[PDB]
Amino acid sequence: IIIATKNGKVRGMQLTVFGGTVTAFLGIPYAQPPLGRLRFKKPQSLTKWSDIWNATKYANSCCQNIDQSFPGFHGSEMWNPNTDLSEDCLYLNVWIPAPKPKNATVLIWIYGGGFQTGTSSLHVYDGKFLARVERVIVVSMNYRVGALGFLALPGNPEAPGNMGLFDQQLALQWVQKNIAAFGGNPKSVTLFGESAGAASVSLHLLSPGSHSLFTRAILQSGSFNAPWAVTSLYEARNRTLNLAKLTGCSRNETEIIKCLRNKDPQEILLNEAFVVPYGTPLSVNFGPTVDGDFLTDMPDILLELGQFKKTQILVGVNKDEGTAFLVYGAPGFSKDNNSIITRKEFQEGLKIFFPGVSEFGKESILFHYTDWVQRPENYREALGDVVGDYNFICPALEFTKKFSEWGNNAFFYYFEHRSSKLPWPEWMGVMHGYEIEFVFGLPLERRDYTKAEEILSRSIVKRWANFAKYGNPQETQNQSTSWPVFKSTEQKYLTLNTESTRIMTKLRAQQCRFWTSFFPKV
C-alpha cells in the first residue's frame, strides 16, 4: 500500500496477525540525517523526495554502546540493538489497522535505555498486536542517545543539549502533520514509554513546545524527577570537558565541538564510559539538561508550581524495579546463584549505588532498610528494594501526587506478575522492564505464555487502549475491578497480576517518606 505524506510517498507492507492483517511502515525518515556539521545539533527538517520510499524494514539504530555483561544470554541481549547502528538513525515506524481506519487514536512509544541505549525495532516494541487487537495506530521512533544526543554546552547551538528530546519532538510533529493520511487522529495522540522513555514522556508534559503535539501520557517505571533522569548543569559541564580531554579535543568551546565532529562515532562511544569518575549501574552519563530551550527551568520547580500540560496520566511501576541493576556492579550478586549477601556486601553495594553520598547518608539507608521483621536473604532483598524505591517507585509516586494536585485525573498501577518465561533467576522477581511485553500484547500470541498471562495482557491492552481513547483505564465488559483515580489524600492504586486485581492505598508509604523527605537533605 502507498500513502502520500507531506514529504513524499511511502510504501508499507502487509502483515498477518491473529487471522487478520496489519499494515506496517517501518523506517520512515522524519529528519535530515544528523551527520557531519549536523552532529550534536538539533534535528533539521527533512528534504522532500520524489519516487516511492520503501518503508519495509526497520532502519538503523542510533550509535550506542551495547550491553556485553552476559554474551549469549537472552535476558540481556533482548535489549541490545537488533539493527545496524549508525548516526543516520532518525526514522520512525507506523502500524495501522486493516482495513485502514478513519480517525483512530494514536499511540506513540518512546523506548527507555537510560538515554544511552535503546531502539524502536526491538521485538518487545512491535506495535502490530495493538494495531490488530485495539484498532489503534502505533508509532515509535529512534532518537539519538548518549553523547551524540545529549552532549550539553548550554546556550551553544553547536551542542545545546537535549538533542534526543528534540528528535522525539520532531517525530511527534511528524505525526501531527502526517498521521491523518494514515487514517489517524492527530487530536487523539497518547504518548507512552518505559524508564528513560517514561522520563521523556514526563518532560514532554513540561515542554511548552510539545504541549500541542499530544493528548495524554502513560509513564511506566519512570519520570523526570527520578535521581537518574536529569543531568545537572555542573555534571554536564564536567562531562563535556572530560570527554574533550579523553579525545584530545580540549580547547573556544565551539572549537571543541568542531574537533569532536571529526572524531569517529566509536572514539566517542568508547570514551563516554569514563566521563564519570564513579558512576552507578544506571550510568546515565549524558542525559536531559536544563537547556533553556526544551526545558526552561529546573523540572522540580515546574512540577511543584503546576507548570505543565494539564491532562490525564497513567503511571505505574513494577514490584522489583531494582533487582536488575544488582548484577551490574553489586558485589556478591550473580544471575547464576541465589545471591545471598552479607551486611558487609550490602554496605559495599550502597557505595556502588550512592557514590558521592556521605557516610551518614548511607548509614541512614542501612538503618531504614535493615529493621528485620535471621533470614539469609534479608540483605539481598533490602538492597533490591533500596535501588528500586530510590530510583523508580518513590519518584513515580511523588510525580503522580504532585501532578494530580493540580486537578487532573491520574491512575497508578503496581505491576506484580513475573513472566513465566523470564530468563533471569527467581530472586530477581518482577523485574524492571518486563511488563512491556504485556502492554504490547506478546502474550496474546498463543504460539508462545500461560493462559493466565494471555488474559492479563488482554486486560492491560484494553485498559491502556481505553485510556488512550477516552482517558479512563477501565475494562468495562468482563466484570473487572474499577480503576480508581489517584488523589493526594487517599492515594489509591491498582495492582496488576494473574491471581486477582486489587485496589490498594499508599504504596511504599514508609519507604517513600524516607526518600522523598529525609534523604534529599543529606
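If you superpose the two forms and keep the largest set of C-alpha atoms that fall within 1.5 Å, you have the rigid core. Don't overthink the numbering: it's just position in the shown sequence, from 1.
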Next item on the list: Any chance you could tell me whether 425-433 or 275-283 drifts more in 8 other deposited structures of this protein, judged by RMS CA distance from this form after superposing on the core?
Entry: 275-283
Notebook entry, point to check: Between residues given as residue 448 and residue 449, how many of the deposited sequence are not built: none, 1 to 3, 4 to 9, or 10 or more?
Noted result: 1 to 3
Checklist line | Gap size between residue 252 and residue 251, counted in deposited residues that the entry leaves unmodelled | finding: 1 to 3
Note to self: Mean Cα B factor from the PDB record: higher for 279-287, or higher for 399-407?
What the structure shows: 279-287
Next item on the list: Name the higher of the two by mean Cα B-factor in the PDB entry, 5-13 versus 497-505.
Entry: 5-13
Notebook entry, point to check: Highest Cα B-factor in the PDB entry belongs to which of 182, 392, 379, 73?
Noted result: 379
Checklist line | Deposited CA B-factor, highest of 467, 486, 483, 49 | finding: 49
Notebook entry, point to check: Considering only modelled residues of the same chain, in which third does the CA B-factor of residue 473 rank: lowest, middle or highest?
Noted result: lowest
Next item on the list: Would you please rank residue 59 by its C-alpha temperature factor against the other modelled residues of its chain and give the third it falls in: lowest, middle or highest?
Entry: middle
Next item on the list: State the tercile, meaning the lowest, middle or highest third, of residue 191 with respect to the CA B-factors recorded for its chain.
Entry: lowest
Check: If you rank every modelled residue in this chain by C-alpha B factor, which third holds residue 274: lowest, middle or highest?
Finding: highest
Notebook entry, point to check: Which third of the chain holds residue 94 when residues are ordered by C-alpha B factor: lowest, middle or highest?
Noted result: middle
